[PDB]
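Asker: Can you look at this? It's an experimental structure, sequence on top.
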Amino acid sequence: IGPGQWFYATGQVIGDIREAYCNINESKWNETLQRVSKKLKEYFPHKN
Amino acid sequence: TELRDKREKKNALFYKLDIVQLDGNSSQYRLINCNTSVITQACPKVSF
Amino acid sequence: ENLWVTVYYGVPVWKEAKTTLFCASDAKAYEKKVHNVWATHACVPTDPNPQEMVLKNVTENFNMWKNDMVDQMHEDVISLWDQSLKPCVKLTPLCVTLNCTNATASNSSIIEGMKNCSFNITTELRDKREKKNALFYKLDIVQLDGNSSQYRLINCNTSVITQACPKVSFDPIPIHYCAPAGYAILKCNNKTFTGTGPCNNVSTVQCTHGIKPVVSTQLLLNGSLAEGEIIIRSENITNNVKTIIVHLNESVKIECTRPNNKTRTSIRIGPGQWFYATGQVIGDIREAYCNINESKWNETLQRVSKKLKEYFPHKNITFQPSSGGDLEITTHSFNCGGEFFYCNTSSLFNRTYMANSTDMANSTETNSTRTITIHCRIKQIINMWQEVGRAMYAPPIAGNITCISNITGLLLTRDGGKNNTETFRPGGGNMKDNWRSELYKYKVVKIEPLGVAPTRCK
Amino acid sequence: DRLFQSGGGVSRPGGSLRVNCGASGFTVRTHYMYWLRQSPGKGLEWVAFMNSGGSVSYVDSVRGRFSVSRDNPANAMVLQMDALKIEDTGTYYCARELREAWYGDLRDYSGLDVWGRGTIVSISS
Amino acid sequence: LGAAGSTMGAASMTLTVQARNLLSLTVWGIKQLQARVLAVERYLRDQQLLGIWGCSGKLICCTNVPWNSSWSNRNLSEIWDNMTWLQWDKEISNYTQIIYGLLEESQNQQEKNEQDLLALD
Amino acid sequence: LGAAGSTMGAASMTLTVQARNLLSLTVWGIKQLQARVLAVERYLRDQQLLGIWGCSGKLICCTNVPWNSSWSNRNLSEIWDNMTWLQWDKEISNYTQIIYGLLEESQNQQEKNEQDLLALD
Amino acid sequence: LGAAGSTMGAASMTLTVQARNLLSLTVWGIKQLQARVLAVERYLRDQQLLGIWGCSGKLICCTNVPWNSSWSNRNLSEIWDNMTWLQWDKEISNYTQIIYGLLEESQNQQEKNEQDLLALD
Ligand SMILES: *[C@@H]1O[C@H](CO)[C@@H](O[C@@H]2O[C@H](CO)[C@@H](O[C@@H]3O[C@H](CO[C@H]4O[C@H](CO)[C@@H](O)[C@H](O)[C@@H]4O)[C@@H](O)[C@H](O[C@H]4O[C@H](CO)[C@@H](O)[C@H](O)[C@@H]4O)[C@@H]3O)[C@H](O)[C@H]2NC(C)=O)[C@H](O)[C@H]1NC(C)=O
Ligand SMILES: *[C@@H]1O[C@H](CO)[C@@H](O[C@@H]2O[C@H](CO)[C@@H](O[C@@H]3O[C@H](CO)[C@@H](O)[C@H](O[C@H]4O[C@H](CO)[C@@H](O)[C@H](O)[C@@H]4O)[C@@H]3O)[C@H](O)[C@H]2NC(C)=O)[C@H](O)[C@H]1NC(C)=O
Ligand SMILES: *[C@@H]1O[C@H](CO)[C@@H](O[C@@H]2O[C@H](CO)[C@@H](O[C@@H]3O[C@H](CO)[C@@H](O)[C@H](O)[C@@H]3O)[C@H](O)[C@H]2NC(C)=O)[C@H](O)[C@H]1NC(C)=O
Ligand SMILES: *[C@@H]1O[C@H](CO)[C@@H](O[C@@H]2O[C@H](CO)[C@@H](O[C@@H]3O[C@H](CO)[C@@H](O)[C@H](O)[C@@H]3O)[C@H](O)[C@H]2NC(C)=O)[C@H](O)[C@H]1NC(C)=O
Ligand SMILES: *[C@@H]1O[C@H](CO)[C@@H](O[C@@H]2O[C@H](CO)[C@@H](O[C@@H]3O[C@H](CO)[C@@H](O)[C@H](O)[C@@H]3O)[C@H](O)[C@H]2NC(C)=O)[C@H](O)[C@H]1NC(C)=O
Ligand SMILES: *[C@@H]1O[C@H](CO)[C@@H](O[C@@H]2O[C@H](CO)[C@@H](O[C@@H]3O[C@H](CO)[C@@H](O)[C@H](O)[C@@H]3O)[C@H](O)[C@H]2NC(C)=O)[C@H](O)[C@H]1NC(C)=O
Ligand SMILES: *[C@@H]1O[C@H](CO)[C@@H](O[C@@H]2O[C@H](CO)[C@@H](O[C@@H]3O[C@H](CO)[C@@H](O)[C@H](O)[C@@H]3O)[C@H](O)[C@H]2NC(C)=O)[C@H](O)[C@H]1NC(C)=O
Ligand SMILES: *[C@@H]1O[C@H](CO)[C@@H](O[C@@H]2O[C@H](CO)[C@@H](O)[C@H](O)[C@H]2NC(C)=O)[C@H](O)[C@H]1NC(C)=O
Ligand SMILES: *[C@@H]1O[C@H](CO)[C@@H](O[C@@H]2O[C@H](CO)[C@@H](O)[C@H](O)[C@H]2NC(C)=O)[C@H](O)[C@H]1NC(C)=O
Ligand SMILES: *[C@@H]1O[C@H](CO)[C@@H](O[C@@H]2O[C@H](CO)[C@@H](O)[C@H](O)[C@H]2NC(C)=O)[C@H](O)[C@H]1NC(C)=O
Ligand SMILES: *[C@@H]1O[C@H](CO)[C@@H](O[C@@H]2O[C@H](CO)[C@@H](O)[C@H](O)[C@H]2NC(C)=O)[C@H](O)[C@H]1NC(C)=O
Ligand SMILES: *[C@@H]1O[C@H](CO)[C@@H](O[C@@H]2O[C@H](CO)[C@@H](O)[C@H](O)[C@H]2NC(C)=O)[C@H](O)[C@H]1NC(C)=O
Ligand SMILES: *[C@@H]1O[C@H](CO)[C@@H](O[C@@H]2O[C@H](CO)[C@@H](O)[C@H](O)[C@H]2NC(C)=O)[C@H](O)[C@H]1NC(C)=O
Ligand SMILES: *[C@@H]1O[C@H](CO)[C@@H](O)[C@H](O)[C@H]1NC(C)=O
Ligand SMILES: *[C@@H]1O[C@H](CO)[C@@H](O)[C@H](O)[C@H]1NC(C)=O
Ligand SMILES: *[C@@H]1O[C@H](CO)[C@@H](O)[C@H](O)[C@H]1NC(C)=O
Ligand SMILES: *[C@@H]1O[C@H](CO)[C@@H](O)[C@H](O)[C@H]1NC(C)=O
Ligand SMILES: *[C@@H]1O[C@H](CO)[C@@H](O)[C@H](O)[C@H]1NC(C)=O
Ligand SMILES: *[C@@H]1O[C@H](CO)[C@@H](O)[C@H](O)[C@H]1NC(C)=O
Ligand SMILES: *[C@@H]1O[C@H](CO)[C@@H](O)[C@H](O)[C@H]1NC(C)=O
Ligand SMILES: *[C@@H]1O[C@H](CO)[C@@H](O)[C@H](O)[C@H]1NC(C)=O
Ligand SMILES: *[C@@H]1O[C@H](CO)[C@@H](O)[C@H](O)[C@H]1NC(C)=O
Ligand SMILES: *[C@@H]1O[C@H](CO)[C@@H](O)[C@H](O)[C@H]1NC(C)=O
């Protein structure tokens, strides 16, 4: 750009194409949210 | 750059969601924010 | 047989400690309303009285190689030189393709790259650009990475270049230093102190004398003189990487001049901005030079050698000119008259010294007529030692330049090897070794007034 | 100015050797210095470079194996070479370069003006 | 300022001297404030050490704390005759903290408690 | 710091503890200065309240001011036995200012006047 | 604040009044700090002048210093009856420094030395 300035950008992309992703343990998620619900229903001490 | 007279044609890649279509011909595009705000590059030593 | 505890407050007891020292100035103000000198030196409490107190039966160690204040001095100089360029114009619109032929006044031969360097400048309606020209000292110009007719400013692909502002022209101002409460400044007051060990001669002051922020290459100038004989100070004489310091006891007058003139010209940039440059050069061409008394130089360096051979108590001594690198570390740089000078000093250290061989002294060199003369070049764009990435430009000074100075000390380096003997040559570079050359007399301590001991009361 | 070399010699693969390069008329520690090698009947090749500042750059093929160090008391450099390979066999040269880099920024360049006579190194089994 | 190289007995004569001197735009502005506040802090720390030790307004005060022979074996004559406080401080530095701890409560706080008890009903 | 939940009589034993702790670049620079100066100001305010009340160097001081039964009806035993200073302060907060006003002059300034009168000719 | 135009004897009755009032973002920020620190400095200077003079916690203190008739020839009745401290200060300004010098050591430091000597063995 000038004296001490440069814009950084993407050049060539290498090499194969995959979308970024994230991985989670099903069972832990599962038991987790189950306990979450069991505790949550206290504050709404009623229907599902 | 950098003699403010010798302008050059360059190219680079920007993730699509950062680009907007210009208010006119579909071949023209604009940075997402530039009619509205100042955009700054983050400096390598300042990566927080 | 009763011994009870007692406490005293106000005990004269101190310890070595790291702290912050404060600047103090002379009575006369800068009176230019500049942030970096007036609001930094001229607004500082003035004329501290050094009512020194001498101390009976006191001993204290002084390490000039390791102390805590030289850094602060480096620190202040850097801060000032940064602040100096804060408000004045940047030359960014200027580093453009330069079309510069080589010509000059009445008869071309000398330029050396200056004359009629042309350039396009858009001013001031940002549509009406004009073709202007000006002269730049050749060493400030580089050939563009292409056709030889094209040239570029030396630094402009790499750093920002700023012009120095006329009110901010900085000349040396003696800076005194004062300690905050609870702290005291002690002087070893010896006439043969070498910079280490105990000193049987201690006094204290509320204030140090003024020390001027003089930036130097190899030689020490405008400095204080040694009281007795010439004194040689080194951290480790046998270490070949340690710089040697020569503190003379007698000054030596040096006279430098730029004998030609230059007509100052100005090219507008915008609303309150103008670039200053060299116009017509008048009228005759002579290279800037410096003059020295041969005999004084001579006896001087002879005594220098006689004292030097103590630290290498053996075989003979040889001086050599500078070796190489950037001329910064090889020449004598200074800033007389606001323009910057670099003198090739090689002719000055081309001597040897033997043992008892011959001492023909009937010569008395000659009727004060053998002036040693040295050539110098000058420049404009300055990447000061203080920093990298921010270059200072300097405007030309119209007319000619005289400058007269005292020579006070030398900064040498050494070399082992050659046959059985010792070789030295001007070293320098490190700004701190300049200031270390005068702060060597001072140490700072803190006062802890609480103490305890036994007594007979209860 | 002159440069003079010593060391080198014979070694099995994986051994270690060492070559000294001392100077006269000027000190190594304030100049630009180069280590090069030339295999017999072949061309020159870069090995190592030390600037006036004393930082060193190595070519990839010897990084982690070659090391250059200053011997200021001897006014010399030392190339220490470990994990020697067959390809390292050749004549080695220590050389001085003159350049002009004003206030950091450079303008003029001469090249390599002072050249040592070279030391022979033979890695063999 | 001027009694350091003197003997302890001599130096003791002049203490108010130190007492007087112990206390009292973006480059130096912050610096001056830091220095002045530091001075105040140190002076008040010492004043507080007195306030807990008693002896608030007395540059010399003598109180009921027995001296340990293990801290030093030297004679009073030897300590007050030919030594500078510089050297004395060096020898006592190690036990200084313990001395401060003992003097801070066992002397003055026991005093306060037992004193109000004396006036107590 | 550690006697709060204790009874007043208990808490009274340890007061120098607080006494020690009561006291002692553009984002935080101003902030540090503000904080330090505020600390000095509060400490000196308290010292001045003492200076007017007397009791300068005494963490405990007892003086001639009769206590009002209207401020509180509680027994000394009840107040010193099973209460924290937190609660006590809450009850006394309203009359605190009047107490300060009375203690500031009627106690100490009458003392000064009548005392110099005693030594007066 | 309100006794200035009064006679010295009258003004003396009210001194704690002054005692209370003597003490306690780039345009004003530095300014506030300068002012507050200056206030602290002046107050502590006065406190230190007391500390050396003794009389630390007493707005009035009387001590063994004889008065010079050469400083002024006026009668006590005349000085305390119909004069303001403003005028008195004007007359005494010249000898004020000498008075401070004498009062600082000859009074209090001789006292300290001779006092510890009395308790001395
Ligand atoms: C210590 O180091 C410094 C640096 O070289 C030397 O100081 C120089 O001293 C000379 C002589 O005193 C100075 O020359 C004088 O310059 C004055 C003008 O200076 C101002 O204006 C210029 C622009 O014109 C600015 O750049 C500058 O910063 C100042 O703002 C002249 O007015 C002087 O002339 C006066 O005296 C002569 C007689 O000497 C009269 O005839 C004149 O009519 C007039 O009254 C004079 O020319 C020089 O400016 C100083 N430079 C610096 C940087 O301070 C010391 O010589 C040196 N000493 C030693 C021992 O080494
Ligand atoms: C330790 O070393 C120090 C020197 O670093 C030394 O302190 C100096 O002592 C000498 C002699 O005692 C002082 O000389 C005189 O001192 C008075 C006041 O101190 C000055 O007014 C005098 O100035 C006049 O006289 C000089 C000739 O003697 C003239 O040349 C001068 O122009 C004046 O007319 C004179 O300086 C000297 O002042 C001090 N140094 C300082 C900074 O005051 C000390 O004596 C040494 N001794 C010991 C035992 O450590
Ligand atoms: C612009 O600069 C050039 C370079 O300095 C000026 O001319 C130069 O003059 C020198 C002095 O003689 C020449 O150097 C030597 O010249 C001799 C013959 O005179 C030749 O045999 C040598 O090989 C060596 O070159 C140099 O050649 C000469 N350069 C040119 C281009 O003529 C010139 O006067 C300056 N001004 C202009 C060109 O307007
Ligand atoms: C000023 O500094 C000089 C040195 O820079 C001081 O000289 C020092 O003097 C002492 C005592 O005279 C020397 O100690 C002596 O050493 C010799 C051995 O050389 C020994 O035989 C003696 O018994 C004594 O221990 C000391 O060595 C000497 N310094 C150096 C570097 O040699 C001088 O005393 C200082 N004060 C002045 C000049 O007033
Ligand atoms: C700076 O220090 C030097 C170095 O001491 C001083 O040099 C002195 O110069 C005189 C003049 O030549 C010498 O006199 C000669 O002394 C030798 C013996 O030393 C004698 O044999 C000769 O006949 C002659 O008299 C003097 O010795 C010499 N100093 C020393 C210690 O040798 C110089 O005077 C000092 N100048 C200043 C301005 O401080
Ligand atoms: C002041 O400089 C001298 C000379 O540079 C230093 O003396 C030298 O110190 C080095 C480092 O300790 C010595 O190197 C050693 O040599 C032995 C030789 O067997 C070697 O085994 C060690 O691994 C190390 O390389 C050197 O010999 C020695 N030379 C002499 C003549 O003393 C001195 O240490 C420096 N002083 C200070 C305080 O830095
Ligand atoms: C010390 O000052 C003297 C003062 O002149 C300088 O040494 C002088 O150097 C010149 C040039 O080298 C000598 O001229 C030469 O003299 C020799 C005979 O000695 C003759 O064979 C040559 O053809 C030439 O004429 C001069 O005599 C000599 N004088 C003295 C007194 O040494 C020099 O500036 C200083 N010494 C050093 C070592 O730098
Ligand atoms: C720099 O200026 C000189 C001076 O005019 C230019 O030299 C001219 O070049 C043109 C193109 O060949 C000729 O027609 C003129 O006769 C030349 N004049 C002179 C006096 O030599 C030179 O071309 C310029 N350099 C540029 C524009 O890069
Ligand atoms: C200013 O810029 C103009 C435009 O590039 C330069 O003029 C050109 O010069 C070249 C070479 O001499 C010619 O081929 C063009 O026809 C010129 N165009 C115009 C519009 O003049 C000019 O040399 C530059 N001058 C300076 C001093 O920088
Ligand atoms: C240059 O050096 C010479 C000698 O080194 C100086 O000569 C001096 O002359 C005066 C006048 O007779 C004598 O009193 C001195 O003793 C001489 N100096 C020496 C070292 O002997 C001469 O003055 C020097 N030039 C200048 C301008 O100072
Ligand atoms: C410096 O040391 C000497 C000797 O250690 C001290 O000499 C004393 O001097 C005083 C007054 O002249 C005498 O009353 C003592 O009897 C001397 N003592 C000895 C041991 O000689 C001298 O006081 C010391 N100076 C200072 C300032 O303490
Ligand atoms: C916490 O509360 C209990 C009960 O209120 C306090 O118990 C006291 O304990 C001390 C020491 O063990 C006894 O001397 C008292 O007689 C007890 N009083 C009562 C009423 O039980 C206990 O002290 C309290 N803790 C603190 C830190 O105050
Ligand atoms: C103002 O001046 C008058 C006269 O100088 C003072 O009058 C005094 O008043 C008090 C109370 O009324 C009497 O006790 C005095 O005897 C009066 N003295 C004289 C000389 O008349 C009056 O006090 C002054 N006011 C102030 C506030 O000082
Ligand atoms: C990422 O870069 C490294 C280094 O260039 C390369 O070895 C690797 O194969 C690359 N991975 C992918 C997925 O492109
Ligand atoms: C409760 O859960 C049942 C199934 O178990 C679901 O059909 C129903 O809609 C839920 N009712 C409420 C009131 O949450
Ligand atoms: C560019 O603008 C013209 C004007 O109407 C239009 O006809 C043409 O289709 C446009 N091109 C694109 C690629 O949008
Ligand atoms: C300018 O560039 C052209 C391109 O090769 C070259 O032929 C010509 O000689 C150059 N002119 C100068 C003066 O270097
Ligand atoms: C000593 O000086 C002589 C001449 O006087 C010179 O030839 C010799 O090389 C020198 N020797 C040493 C070891 O310095
Ligand atoms: C320098 O300028 C002055 C004033 O213009 C002039 O009188 C003098 O002759 C000039 N000197 C030289 C050497 O050009
Ligand atoms: C300029 O030169 C003249 C004559 O050579 C001289 O009188 C004058 O002092 C010089 N001025 C400067 C500033 O060098
Ligand atoms: C006093 O010190 C001396 C040492 O000088 C010692 O001999 C003596 O036992 C000490 N105790 C006395 C005198 O009670
Ligand atoms: C005090 O402790 C330090 C650190 O361990 C030690 O060097 C010194 O000798 C000790 N002195 C005494 C008297 O215990
Ligand atoms: C008191 O002052 C009066 C002046 O009003 C004077 O006449 C008298 O001598 C003074 N001294 C006394 C009364 O002792």
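Answerer: Everything's here; your move. Numbering: from 1, shown residues only, chains lettered A, B, ... in the order given. Ligands and ions are numbered 1, 2, ... in the order given.

Asker: Thought residue D:7 was touching residue D:22, still the case?
Answerer: No - taking Cβ atoms under 8 Å as the definition, residue D:22 is not a contact partner of residue D:7, at 10.9 Å. From N, CA and C alone the C-beta is placed, and that goes for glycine too.

Asker: For these two, indicate the residue with more neighbours.
Answerer: Here residue D:22 and residue D:7 are set side by side on neighbour count (other Cβ atoms under 10 Å in any protein chain shown), and the busier one is residue D:22, at 19 against 16.

Asker: Which residue is the nearest non-sequential neighbour of that one?
Answerer: Spatial nearest neighbour of residue D:22, chain neighbours left out: residue D:76 (3.7 Å); criterion: Cβ to Cβ, 6 or more residues apart in numbering or on different chains.

Asker: do you know how far that neighbour is from ligand 2?
Answerer: Taking Cβ to the nearest ligand atom, to the nearest Å as the measure, residue D:76 and ligand 2 are separated by 44 Å.

Asker: Kindly report the same for residue D:22.
Answerer: Distance check for residue D:22 against ligand 2: by Cβ to the nearest ligand atom, it reads 46 Å.

Asker: so after the helix or strand containing that residue, what's the next helix or strand?
Answerer: Following DSSP states H and E, the helix or strand that holds residue D:22 is strand D:16-24. Elements were assigned by DSSP H and E; along the chain past strand D:16-24, the next helix or strand is strand D:32-38.

Asker: And that next one, what does it pack against?
Answerer: On a contact count with 3 or more Cβ pairs under 8 Å, 6 or more residues apart in numbering or on different chains; DSSP states H and E, strand D:32-38 meets strand D:44-50, strand D:76-82, strand D:90-102.

Asker: Can you pull up the most central residue in the chain?
Answerer: Defaulting to chain A. Central residue of chain A (Cα atoms, centre = their mean): residue A:22, 6.2 Å from the mean position.

Asker: that answer is for a different chain, and I need it for chain D
Answerer: Most central in chain D (Cα atoms, centre = their mean) works out to residue D:35, at 2.3 Å.

Asker: Do I have it right that residue D:103 meets residue C:383?
Answerer: Yes - under the contact definition of Cβ under 8 Å, residue D:103 touches residue C:383, with a separation of 3.6 Å.

Asker: Can you work out which residues contact both of the two?
Answerer: Listed contacts common to residue D:103 and residue C:383 are C:155, C:391; contacts here mean Cβ atoms under 8 Å, 6 or more residues apart in numbering or on different chains.

Asker: And the residue of chain D closest to ligand 12?
Answerer: Among the residues of chain D, residue D:55 lies nearest to ligand 12; the distance is 64.3 Å by Cβ to the nearest ligand atom.

Asker: er, chain A I mean
Answerer: With Cβ to the nearest ligand atom as the measure, the residue in chain A that lies nearest ligand 12 is residue A:42; the distance is 33.1 Å.

Asker: For that residue, I want the exact helix or strand it lies within.
Answerer: Under the assignment here (DSSP H and E), residue A:42 is part of helix A:26-43.

Asker: Now for the residue of chain A found nearest chain D, how many residues are close by?
Answerer: Using Cβ to the nearest Cβ, the single residue of chain A nearest to chain D is residue A:3, 12.1 Å away. For residue A:3, the neighbour count with other Cβ under 10 Å is 18.

Asker: ok, it - contacts?
Answerer: Under the contact definition (Cβ under 8 Å, 6+ apart), the residues listed for residue A:3 are B:2, C:92, C:95, C:156, C:157, C:158, C:159, C:160, C:161.
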